[PDB]
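All remarks here apply to the structure that follows.
A short reminder: the numbers here are calculations on the coordinates, not readings from a lab. Cβ coordinates were reconstructed from backbone atoms using ideal geometry, including for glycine residues, and neighbour counts include every protein chain displayed.
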Amino acid sequence: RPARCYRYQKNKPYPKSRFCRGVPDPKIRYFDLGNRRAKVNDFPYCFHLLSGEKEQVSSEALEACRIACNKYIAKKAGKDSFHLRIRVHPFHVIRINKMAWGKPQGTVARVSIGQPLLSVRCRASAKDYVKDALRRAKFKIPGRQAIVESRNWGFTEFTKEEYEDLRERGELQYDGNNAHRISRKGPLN
Amino acid sequence: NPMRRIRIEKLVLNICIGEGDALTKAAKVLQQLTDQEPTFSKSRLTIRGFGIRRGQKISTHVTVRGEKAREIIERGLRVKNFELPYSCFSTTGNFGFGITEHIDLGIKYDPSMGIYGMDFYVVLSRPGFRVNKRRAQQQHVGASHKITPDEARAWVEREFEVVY
Amino acid sequence: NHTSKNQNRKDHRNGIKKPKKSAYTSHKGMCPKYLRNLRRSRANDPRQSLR
Amino acid sequence: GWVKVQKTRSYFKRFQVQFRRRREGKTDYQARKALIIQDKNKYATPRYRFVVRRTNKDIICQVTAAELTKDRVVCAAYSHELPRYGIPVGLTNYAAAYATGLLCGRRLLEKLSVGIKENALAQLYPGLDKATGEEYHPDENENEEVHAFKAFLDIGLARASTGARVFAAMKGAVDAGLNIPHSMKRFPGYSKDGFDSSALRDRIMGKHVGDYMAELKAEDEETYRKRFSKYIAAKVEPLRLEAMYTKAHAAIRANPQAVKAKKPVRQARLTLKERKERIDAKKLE
Amino acid sequence: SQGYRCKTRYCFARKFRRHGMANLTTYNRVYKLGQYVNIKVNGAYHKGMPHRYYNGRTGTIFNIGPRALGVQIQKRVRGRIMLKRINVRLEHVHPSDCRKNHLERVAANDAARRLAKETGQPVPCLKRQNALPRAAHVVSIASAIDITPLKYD
RNA sequence: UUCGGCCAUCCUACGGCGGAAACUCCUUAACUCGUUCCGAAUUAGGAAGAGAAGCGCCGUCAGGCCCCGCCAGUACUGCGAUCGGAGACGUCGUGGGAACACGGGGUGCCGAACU
RNA sequence: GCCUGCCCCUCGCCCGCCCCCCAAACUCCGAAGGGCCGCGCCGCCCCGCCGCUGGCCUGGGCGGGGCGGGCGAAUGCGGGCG
RNA sequence: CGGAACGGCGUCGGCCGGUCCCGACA
RNA sequence: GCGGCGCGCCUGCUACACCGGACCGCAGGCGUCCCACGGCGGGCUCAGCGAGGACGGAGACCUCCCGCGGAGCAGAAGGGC
């Protein structure tokens with residue numbers, strides 16, 4: 001059945017629960033891709049694919065968009081130079097009245113306008129190729145999606161300038177692939 | 001402080017037989033050793049492997065307190081050769097050992113009875129341990145007052161000269 | 001199978017009528033003991049319309 | 001090894017503290033509600049509870065009206081005050097409890113009477129003068145016009161058992177004319193269809209301790225000196241305990257009115273700046 | 001289905017950390033006939049429970065009875081307001097304020113008239129006023145701050 | 001201290017500090033009563049000990065809980081629009097206005113009786 | 001590394017701290033919006049009645065005087081009942 | 001000229017960076 | 001027509017925060033069971049972690065600890081304790 005049909009919101013969030021027994025598994029199963037175990041300082045530049053429309057992206061689109069992005073930046077640089085995060089998860093079940101209540105078939109992620117849909121954490125070498133891979137993803141997803149570069153360091157919430165001052169003092173605490181402040185609360189010991 | 005001196009609150013001997021003739025005859029052995037009538041404990045579940053059906057009395061126990069506790073604990077510890085593992089001390093301060101047979105206590109074996117082990121558990125207390133037992137103003141015992149596993153080994157080595 | 005369109009219009013055409021004044025001071029559902037005493041007190045006072 | 005923390009931030013966030021006096025362990029709110037409950041048609045007229053509380057060294061009987069934000073104690077008699085009346089020792093025993101209760105009944109009826117100071121009150125309900133335990137119910141034997149002051153026993157977390165000291169005080173205020181509802185089944189001397197009025201008066205007079213004191217002296221004088229040290233020092237002879245309490249019962253009746261007979265350092269709590277420095281001292285390490 | 005406690009999951013449910021028995025003021029509050037009471041159901045107490053409709057409904061006491069109060073509530077059915085007389089146990093009834101502003105105002109209204117009899121002859125207007133226009137003021141614009149719409153991010 | 005009111009600014013965890021009185025722990029089973037067994041509880045009878053606890057205080061970059069900010073005129077939304085847009089969405093009036101985070105600061109108080 | 005070993009190296013495993021995203025049948029919170037009710041005949045002093053209430057001389061109801069008063073948001077507008 | 005994702009070196013208007021009298025090898 | 005049965009009733013939802021609101025709209029029940037599984041008073045603490053105890057192991061049973069109820073309350077669900 002076409003995404004020219006289930007694109008719009010016509011059913012209230014329908015999760016996979018005791019109310020949705022025997023649900024079809026999503027086509028997208030891998031949401032963290034690339035070097036997921038890479039450290040925060042390794043990848044300073046971050047990029048995003050946003051949504052220009054509030055719609056429902058299917059798991060087929062989210063998965064086709066994922067194969068497209070990875071293959072390109074990994075053939076252009078390496079599978080060790082970027083971290084690709086699918087920032088939308090297909091948690092809404094879509095119904096079809098097979099031949100009046102529809103049987104459970106397919107899963108749609110109800111994206112919002114102005115919502116991250118795909119993020120890349122990249123090193124200096126792949127800054128040139130990331131906006132290209134995200135462009136390839138745009139064709140796979142429905143709507144007027146729109147690329148952007150985040151003026152923040154990494155997947156962290158610190159701005160590139162903000163990261164420098166905290167890192168220089170040591171206030172910035174290294175927390176795996178992300179980073180948080182040292183905290184002035186809790187037992188001193 | 002004389003109010004920080006450890007003592008034996010109680011000794012609970014369990015004979016988990018798992019047969020009714022056997023269960024009752026183990027009640028007699030507990031009865032002779034402690035002089036107080038034991039109570040029976042019922043099965044909480046049915047397990048076919050252990051040959052147990054729910055609602056059936058599976059074990060007998062007597063809570064022996066006082067000098068009678070000290071006497072039975074000493075007789076039992078002697079069966080162990082006054083040797084008690086270092087692990088058997090609990091984080092709460094209590095410790096326990098298990099004996100096999102009853103003749104090793106010294107209760108004569110009679111063909112009228114059977115042969116059965118006792119699981120001796122000893123609970124240690126300090127004056128002031130009734131604050132978490134009183135109906136009125138039940139309050140938890142302060143952490144300092146509470147007996148520590150190491151400070152319990154210290155008390156038991158001094159008392160029955162047991163070695164870990 | 002069901003509609004409430006025009007029900008409210010009909011209700012307020014000459015409506016939202018107050019519930020009289022008799023109902024407010026009625027003795028239905030009052031305690032029998034209070035009522036018996038109220039009858040005894042008014043009956044034995046000079047206010048009572050006894051023969 | 002690595003275990004879950006049962007007391008997480010969540011446990012604390014969802015925890016509902018019990019009522020302070022339940023958390024303290026001092027009050028049961030099931031009993032309290034039922035004692036305090038009056039029919040709404042009785043309005044604000046006070047319902048009075050005869051609260052009897054027993055400490056390690058004292059028995060306090062208190063008559064307590066319940067108000068909206070407070071409890072008003074109309075009259076209280078403490079067993080600490082009974083050597084004024086000639087009981088110099090055993091101030092928590094069964095006989096003391098009966099007399100502390102007798103003090104409560106006489107004191108309350110007299111405080112109410114000094115309000116009439118004229119026709120009928122504490123005199124209309126004189127109370128049993130001798131202390132035979134003989135099923136006295138002052139509430140409905142006679143009454144009419146003025147009625148016996150009514151209070152309901154609040155035993156508290158005390159266990160109501162045959163021979164409990166809580167009942168002793170109740171028989172005591174019932175013997176000073178306070179009407180307290182009873183059945184004479186939890187007071188010594190009751191079996192099936194009969195009540196022996198001697199066994200109740202034996203405990204109310206001290207016979208149980210007298211027999212023990214004499215038996216301890218004869219069997220083992222060493223224990224008698226250790227167990228009954230204060231009684232021996234106060235020169236209380238066992239076969240004279242009944243008269244001592246009998247004259248205390250008379251004395252409490254004659255003069256119920258009660259005579260009206262420091263600060264720890266509490267180191268001052270630090271102001272915020274002092275703590276703001278104390279952390280800095282710990283921080284500088 | 002429309003049983004007595006249908007659609008009551010969130011209204012007859014205790015408040016987050018207000019579960020359990022109730023303050024004993026509920027059973028020691030003295031109510032008088034003609035008093036305004038607010039009906040707020042308690043989930044823990046089941047005997048004497050008003051229907052969901054009654055929750056949030058103010059009413060007057062018509063009967064003070066043993067154990068329960070009788071409350072007259074004006075329920076609108078269709079084009080008619082009907083007086084409904086419900087007997088509620090003490091757990092679900094709360095002394096209503098409702099007339100707390102009036103009872104205070106009527107008293108303070110007496111105060112100016114008492115002061116007229118005493119010193120302070122002029123009487124203040126005791127009619128309530130609805131705001132009225134702001135009136136004339138002089139404002140110092142010396143520390144004026146020039147605010148400006150700004151660029152988009 | 002006993003009884004309460006409202007029921008965490010009162011709870012939880014650990015660390016101190018304190019008791020003349022009070023409270024407690026405590027100390028005994030002749031009696032009473034009491035323990036699926038056990039004076040553990042509980043009932044009774046005490047006074048030889050004790051602050052070790054409970055309790056009263058004080059802590060603790062404590063957790064929680066409370067309060068004021070900020071978040072943020074944000075998110076949402078009542079009313080009007082021959083407003084935009086192909087739509088699903090969004091503006092423009094003209095009125096309402098959260099929340100999580102985050103920052104600071106707090107950590108029970110009352111009313112009777114008695115001492 | 002070794003007859004083998006827990007002598008161990010890594011994973012699954014538990015436990016903590018983070019993080020991406022959620023819920024019509026989840027809620028610590030919580031709007032807009034709506035609902036119910038109030039917005040006048042107040043005090044003060046006595047006096048009467050009651051098989052009702054109660055330790056009382058207490059209440060509580062219903063009356064009856066007298067006394068210090070007084071009509072207490074806006075805007076519109078005569079309302080009720082067969 | 002109902003209309004979409006996407007194209008336009010059609011034409012006007014913007015936003016943000018790079019070089020250019022160190023002429024945008026002579 | 002077949003097929004069902006939102007033909008009488010009940011719970012959470014859709015349902016739009018008073019009330020009210022629909023569909024052969026969504027996930028389920030009911031037609032019974034019980035002289036105790038009822039009333040009432042007492043006493044008690046629950047499921048469990050964590051540590052500890054002859055046979056005993058993953059699960060037999062006996063102890064302490066902290067246990068906001070994470071158990072139970074006949075049978076649906078949601079409240080309640």
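Among the residues of this structure, C:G15 does not count as one that is facing chain E (nearest Cβ under 8 Å), touching a strand residue (DSSP E or B) at 6+ places or on another chain (Cβ under 6 Å) and part of a loop (DSSP other than H, G, I, E, B). Taking the conditions (1) within 14 Å of chain C (Cβ to nearest Cβ); (2) more than 24 Å from D:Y43 (Cβ to Cβ); (3) surrounded by fewer than 16 Cβ atoms within 10 Å (Cβ to Cβ) in turn, E:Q74 satisfies each one other than (3).
Residues checked against (1) exposed (fewer than 11 other Cβ atoms within 10 Å of the Cβ); (2) out of contact with any helix residue (DSSP H, G or I) (no Cβ under 8 Å at 6 or more places or on another chain); (3) away from chain E (no Cβ under 14 Å):
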{"position": "D:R9", "(1), (2), (3)": "yes, yes, yes"}
{"position": "D:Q18", "(1), (2), (3)": "no, yes, no"}
{"position": "D:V73", "(1), (2), (3)": "no, yes, yes"}
{"position": "D:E81", "(1), (2), (3)": "no, no, yes"}
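The single residue among E:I64, E:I39 that is within 14 Å of chain C (Cβ to nearest Cβ), of a type in the set (A, V, I, L, M), within 30 Å of D:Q38 (Cβ to Cβ) and buried (at least 18 other Cβ atoms within 10 Å of the Cβ) turns out to be E:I64.
Are there strands (runs of 3 or more DSSP E) fully within the range A:142-189 with at least 2 residues that are more than 16 Å from RNA strand H (Cβ to nearest atom)? List them.
Numbers: elements: A:146-150, A:172-175, A:178-181.
Passing ranges, in order: A:172-175, A:178-181.
The helices (runs of 4 or more DSSP H) found wholly in the range D:1-69 and carrying at least 3 residues that are more than 30 Å from E:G65 (Cα to Cα) occupy D:9-14, D:20-24. When the range A:149-175 is filtered for residues that are farther than 18 Å from A:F82 by Cα and hydroxyl-bearing (S, T, Y), the ones remaining, listed by number, are A:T159, A:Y163, A:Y174. Report yes if some residue within the range D:49-69 is away from chain E (no Cβ under 14 Å), surrounded by fewer than 20 Cβ atoms within 10 Å (Cβ to Cβ), among the β-branched types (V, I, T) and within 30 Å of D:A250 (Cα to Cα); otherwise report no. Within the range D:49-69 (the criterion being away from chain E (no Cβ under 14 Å), surrounded by fewer than 20 Cβ atoms within 10 Å (Cβ to Cβ), among the β-branched types (V, I, T) and within 30 Å of D:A250 (Cα to Cα)), the answer is yes, since at least one residue qualifies.
For residues that are in contact with a helix residue (DSSP H, G or I) (Cβ under 6 Å, 6 or more places away or on another chain) and either charged (D, E, K, R) or not in a helix (DSSP H, G or I) (or both), scanning just the range E:25-41, find the one that is farthest from E:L103 (Cα to Cα). Show your work before the answer.
Of the range E:25-41, the ones in contact with a helix residue (DSSP H, G or I) (Cβ under 6 Å, 6 or more places away or on another chain) are E:26-27, E:39, E:41.
Checking which are either charged (D, E, K, R) or not in a helix (DSSP H, G or I) (or both) leaves us with E:39, E:41.
Values: E:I39: 21, E:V41: 27 Å.
Filtering the range E:25-41 for residues that are in contact with a helix residue (DSSP H, G or I) (Cβ under 6 Å, 6 or more places away or on another chain) and either charged (D, E, K, R) or not in a helix (DSSP H, G or I) (or both), the one farthest from E:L103 (Cα to Cα) comes out as E:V41.
Restricting attention to the range D:40-50, does a residue exist that is aliphatic (A, V, I, L, M), in contact with a strand residue (DSSP E or B) (Cβ under 8 Å, 6 or more places away or on another chain) and either within 16 Å of RNA strand G (Cβ to nearest atom) or closer than 23 Å to D:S113 by Cβ (or both)? Full working, then the answer.
Here is the first cut: in the range D:40-50, the residues aliphatic (A, V, I, L, M) are D:44.
Narrowing the set further to residues that are in contact with a strand residue (DSSP E or B) (Cβ under 8 Å, 6 or more places away or on another chain) leaves none.
Looking through the range D:40-50, none of the residues is aliphatic (A, V, I, L, M), in contact with a strand residue (DSSP E or B) (Cβ under 8 Å, 6 or more places away or on another chain) and either within 16 Å of RNA strand G (Cβ to nearest atom) or closer than 23 Å to D:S113 by Cβ (or both).
Listed by first and then second residue, the pairs with beta-carbon distance under 6 Å, at least 6 apart or on different chains, first residue in the range A:160-178 and of a type outside the set (D, E), second surrounded by 13 or more Cβ atoms within 10 Å (Cβ to Cβ) and assigned to a loop (DSSP other than H, G, I, E, B), are A:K160/A:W153; A:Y163/A:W153; A:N178/A:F155; A:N178/A:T156.
Restricting to the range C:18-46, name every residue that is aromatic (F, W, Y) and within 7 Å of chain E (Cβ to nearest Cβ).
Quick first cut of the range C:18-46, residues aromatic (F, W, Y) only: C:24, C:34.
Selection gives C:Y24 alone.
In summary, E:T25 fulfils each of the numbered conditions (1) within 27 Å of D:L35 (Cβ to Cβ); (2) more than 14 Å from chain C (Cβ to nearest Cβ); (3) surrounded by 13 or more Cβ atoms within 10 Å (Cβ to Cβ) with the single exception of condition (3).
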